[PDB]
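Data first, discussion second: the structure below is written as structure tokens.
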Amino acid sequence: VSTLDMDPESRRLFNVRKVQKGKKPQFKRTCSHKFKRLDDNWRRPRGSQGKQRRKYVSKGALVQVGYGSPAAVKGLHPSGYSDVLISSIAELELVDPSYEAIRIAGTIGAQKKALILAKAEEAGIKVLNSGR
Amino acid sequence: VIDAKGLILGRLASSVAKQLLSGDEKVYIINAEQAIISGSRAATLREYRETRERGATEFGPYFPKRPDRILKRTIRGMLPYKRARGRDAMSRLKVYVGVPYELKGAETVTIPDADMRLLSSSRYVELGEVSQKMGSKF
Amino acid sequence: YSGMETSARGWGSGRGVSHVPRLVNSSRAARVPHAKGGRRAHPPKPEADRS
RNA sequence: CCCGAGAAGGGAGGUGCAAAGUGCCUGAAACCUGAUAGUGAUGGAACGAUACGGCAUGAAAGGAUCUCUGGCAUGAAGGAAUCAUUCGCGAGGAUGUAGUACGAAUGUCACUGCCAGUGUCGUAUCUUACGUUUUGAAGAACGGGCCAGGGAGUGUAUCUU
RNA sequence: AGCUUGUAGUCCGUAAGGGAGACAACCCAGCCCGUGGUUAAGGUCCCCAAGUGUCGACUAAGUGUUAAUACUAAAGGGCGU
RNA sequence: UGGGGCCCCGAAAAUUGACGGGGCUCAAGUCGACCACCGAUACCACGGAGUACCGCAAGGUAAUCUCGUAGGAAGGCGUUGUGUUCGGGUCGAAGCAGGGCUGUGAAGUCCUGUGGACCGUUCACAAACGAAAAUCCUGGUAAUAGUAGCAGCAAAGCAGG
RNA sequence: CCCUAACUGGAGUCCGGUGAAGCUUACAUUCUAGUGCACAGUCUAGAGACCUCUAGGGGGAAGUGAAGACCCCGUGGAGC
Ligand SMILES: [Mg+2]
Ligand SMILES: [Mg+2]
Ligand SMILES: [Mg+2]
Ligand SMILES: [Mg+2]
Ligand SMILES: [Mg+2]
Ligand SMILES: [Mg+2]
Ligand SMILES: [Mg+2]
Ligand SMILES: [Mg+2]
Ligand SMILES: [Mg+2]
Ligand SMILES: [Mg+2]
Ligand SMILES: [Mg+2]
Numbered sequence: 025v026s027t028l029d030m031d032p033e034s035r036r037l038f039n040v041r042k043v044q045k046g047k048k049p050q051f052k053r054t055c056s057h058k059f060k061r062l063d064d065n066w067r068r069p070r071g072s073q074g075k076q077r078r079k080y081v082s083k084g085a086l087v088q089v090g091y092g093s094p095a096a097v098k099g100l101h102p103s104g105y106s107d108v109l110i111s112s113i114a115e116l117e118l119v120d121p122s123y124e125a126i127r128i129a130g131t132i133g134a135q136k137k138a139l140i141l142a143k144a145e146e147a148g149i150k151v152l153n154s155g156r
Numbered sequence: 006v007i008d009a010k011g012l013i014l015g016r017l018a019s020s021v022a023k024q025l026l027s028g029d030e031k032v033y034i035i036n037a038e039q040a041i042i043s044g045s046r047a048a049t050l051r052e053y054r055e056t057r058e059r060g061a062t063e064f065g066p067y068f069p070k071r072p073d074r075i076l077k078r079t080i081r082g083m084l085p086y087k088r089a090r091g092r093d094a095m096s097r098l099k100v101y102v103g104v105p106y107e108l109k110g111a112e113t114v115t116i117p118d119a120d121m122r123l124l125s126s127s128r129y130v131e132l133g134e135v136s137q138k139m140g141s142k143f
Numbered sequence: 052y053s054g055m056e057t058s059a060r061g062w063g064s065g066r067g068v069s070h071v072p073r074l075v076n077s078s079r080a081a082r083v084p085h086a087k088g089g090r091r092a093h094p095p096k097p098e099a100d101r102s
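Residue numbers (full-length UniProt numbering), protein chains in the order written: chain X, 25 to 156; chain R, 6 to 143; chain C, 52 to 102.
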């Protein structure tokens, strides 16, 4: 429960990334829907005659660095608070809640995750995953 | 309601097609057999007899014989009728030969630019004569 | 001779199957690195000098 | 205990933290059966990409000055409508109004509770699959019915950088 | 000969997007992403966004409505106009 | 009589059909000019990403950077294991089906359900290290399909119990 | 054969039981013309087309069977 420490330049960059990553395509592999053997991850087109590798606008969008998010707000949570994957209670003593927010480890049991959330609530660090 | 007496077939068809693609009005085209087609009568009848006896019997173009259905066909050509816009436009178009009973006393509007007296020759035949020479009864 | 002590030979063409080596008395493929039970193409050698 | 002709099998019931219920750990896809959502017996095909809508979902992990609707301030590129004058055979042009009102976006104040997303369908534009041999592939050229797993620059010696 | 063999330039191969109905190499154009604007080629009767546009003539044959082109018929003739 | 524009005859092909189609006649055709508009990812502008070189660094410049096959170069993602640092787990590990978020992406992380015992990470290092395809190999399984066959050379069965 | 007809038994058709295989990247209700490696159900422009099922014989899918056995090439073989 704290105000996000983001200056108006970074607020504009955050909204810019919101719009531009709303418009960003999913970058599925070519012909992934046709065959059930194929996955949803990106593989570079390689055939000499393939229409995606030839950059047909009707066939999709090629993976390329022009689509990248703004450099300042890159890697930030959609809430804006930066993410720190917390895999232990000792990682709460090297993060400050003024502009960040933790993410508790998936394999953590209730016994130590309860202690983690208690220490975060007393310290003030924002937590993305929890229960209520 | 369009009175197609003394109007060019293609110009009337293009005007009605654009009006129906505006997309609100049901257009009735009475007196469809009195529409005009420019050109010599021999060439007009030659083209229409070639187009009449064209297709195959299982597949081919079953080009109509009635004057109202020929005018409907010509307006069908200038529409995207295989699309939903074209299908709605063709459902919102009715062509009649003569005056049907429900259109007696109704109000009509005729296209100025599609008039037949804008032409400058005697070379024309009516759509009714072409339908009649295609074997139609109307 | 892991995967290699077989005596398999290809069937040639004209049978609708691929050209890989197969057993002399059955159609089961053998001895090639992509056949089941075939030799590891480029496996480690005991004569390598890792030092 | 019941059905069943039945040492089959099924239901009820119990042991077991858990049926894990006799090739029985977890238990994928292909394939098959049923249910839910959308559409559907007037309908055009590389099954998708982009934009906008209908229906269903949207609990968690996504947003809460976030979603919807307006006012005000600054507004890059561009730039009117209307009216007046004058020219032009005419369609129209020039001048002024006016670089005005507007205008992407950047801020701020109200207003609102949905929005991002997911599934399917429709509408508008674009695309005749993938790999290979090819000068040229959607090819009436070759390979694949589908799914899972296995499947191709490795070592010794020697020379060079 | 959409044949074969050269040369200069530019292309496809390895070239998107926009337009020629579709078009490897013809025109604009060489192209990081999103938004706004204006133009290029080409088009503005409908299919299809924008002209049933203006001026001066021609064509009466549905000729034509086909830049380049492997996709488009000649010699000859016409008191057709 | 000569020189010109358009048109006509010359002009016959095999599935019905091609000005792209409808159609069009002072044109929706041809010729000589003209006006206004439409129309790209081009050009302009704004915001953003990457790259090139320079700068100690902040950062600076790019009209004179941004397409790409064979191919060269650089930087990263992933699997398995070793040394080493820091760890997670019956208050529920791996794996599996779906979904949210981040990243240009390789992929990572998170949530829901199931599960019943192991699993990662820092800095480095190795490899039996990544599949979509080889009429590829092994296994499972479709469509064909409740179809062909259950006939031809010896057509054999019916009543009662 | 002109010129086919009728009849018989077994199939087929229909029904009960049993019950495989071969083609298959995907979609697919097509027809014409053009274009495209010059032989297109999928492109382009038109024309048709409500869907499902049964029987039919085989027009098309350059139908399936199959790394062409004719011709050429290989500093490939064998026999003579
Ligand atoms: Mg073995
Ligand atoms: Mg090549
Ligand atoms: Mg594998
Ligand atoms: Mg050129
Ligand atoms: Mg080039
Ligand atoms: Mg092009
Ligand atoms: Mg390369
Ligand atoms: Mg595989
Ligand atoms: Mg029988
Ligand atoms: Mg061969
Ligand atoms: Mg030689």
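In this text, a Cβ means the ideal position worked out from N, Cα and C, and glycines have one as well.
I need the DSSP call for residue i, collapsed to helix, strand or coil.
i	result
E131(R)	strand
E52(R)	helix
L108(R)	helix
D107(X)	strand
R36(X)	helix
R156(X)	coil
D64(X)	coil
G61(C)	strand
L14(R)	helix
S20(R)	helix
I42(R)	strand
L139(X)	helix
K52(X)	coil
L86(X)	coil
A96(X)	coil
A114(X)	helix
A99(C)	coil
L28(X)	coil
Closest to residue i by C-alpha separation, out of the options, would be which residue?
i	options	result
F38(X)	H101(X), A125(X), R70(X) and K75(X)	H101(X)
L132(R)	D8(R), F64(R) and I13(R)	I13(R)
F143(R)	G28(R), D29(R), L26(R) and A37(R)	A37(R)
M30(X)	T54(X), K79(X), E124(X) and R53(X)	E124(X)
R16(R)	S27(R), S125(R), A89(R) and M121(R)	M121(R)
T27(X)	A147(X), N153(X), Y105(X) and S82(X)	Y105(X)
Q73(X)	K60(X), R61(X), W66(X) and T54(X)	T54(X)
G148(X)	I128(X), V119(X), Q135(X) and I132(X)	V119(X)
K137(X)	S93(X), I110(X) and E33(X)	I110(X)
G54(C)	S102(C), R73(C) and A99(C)	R73(C)
To the nearest angstrom, how far is it from the Cα of residue i to the Cα of residue j?
i	j	result
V89(X)	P95(C)	40 Å
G155(X)	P121(X)	19 Å
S103(X)	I126(X)	12 Å
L84(R)	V87(X)	41 Å
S64(C)	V71(C)	10 Å
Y129(R)	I41(R)	6 Å
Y91(X)	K48(X)	7 Å
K58(X)	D64(X)	11 Å
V75(C)	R60(C)	7 Å
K10(R)	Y86(R)	26 Å
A61(R)	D93(R)	28 Å
residue 2(R)	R78(R)	The shown model of chain R, from 6 to 143, leaves out residue 2(R), and the question about it has no answer.
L116(X)	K52(X)	37 Å
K75(X)	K83(X)	7 Å
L139(X)	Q44(X)	39 Å
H93(C)	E56(C)	17 Å
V6(R)	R36(X)	58 Å
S126(R)	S27(R)	33 Å
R51(R)	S136(R)	13 Å
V32(R)	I116(R)	13 Å
Pull up the DSSP beta-bridge partners for residue i, would you.
i	result
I116(R)	Paired residue(s): none; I116(R) is not in a bridge.
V151(X)	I126(X)
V32(R)	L98(R)
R73(C)	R60(C) and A80(C)
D8(R)	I35(R)
Can you check the stretch 64-93 of chain R for any alpha helix (DSSP H) of at least 4 residues that lies completely inside it and give the ranges in chain order?
-> Look at the stretch 64-93 of chain R and you find these whole runs of alpha helix (DSSP H), each 4 residues long or longer: 72-82.
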